[PDB]
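Next up: a single chain in structure tokens, the form deposited in one PDB entry.
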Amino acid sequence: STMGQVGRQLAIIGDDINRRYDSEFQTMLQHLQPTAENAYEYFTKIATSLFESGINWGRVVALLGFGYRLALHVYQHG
């Protein structure tokens, strides 16, 4: 069925995205040193800088992915 085939290709695309960019997200978080106190400020300034050069679905979902990593990073620390 095309549904299962599409799901399986999305899985490989997802894992490709994970592998390609997760270490880059790690490094960005290292440089940012976010805290619970500054996470919202940082996320909105990052988004502002991102969208200053345009918007497409790729940029939106990259921001959401990074924002989830940012929240989780702050959670697991402080």
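Shifts are known only where both forms have a C-alpha. Note that residue numbering begins at 1 and tracks the sequence as displayed. Between two forms, the rigid core is defined as the largest C-alpha subset superposing within 1.5 Å.
When the C-alpha B-factors of 60-68 and 20-28 are averaged, 20-28 comes out higher. Higher mean CA temperature factor, per the PDB entry, when comparing 32-40 with 46-54: 32-40.
The same protein also exists as the form deposited in another entry; that form is not shown, yet it is the one meant from here on.
After superposition on the rigid core, displacement of the C-alpha of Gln26 between this form and the one not shown amounts to 2 Å or more. With a change of no less than 3 Å, the CA-CA distance between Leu32 and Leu72 is smaller in that other deposited form than in the form shown. Distance between the C-alpha atoms of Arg19 and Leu70: longer in that other deposited form than here (change of 3 Å or more). Once both forms are overlaid on their core, the sole residue range between this form and the one not shown with Cα shifts reaching 2 Å in three or more consecutive positions is 2-37.
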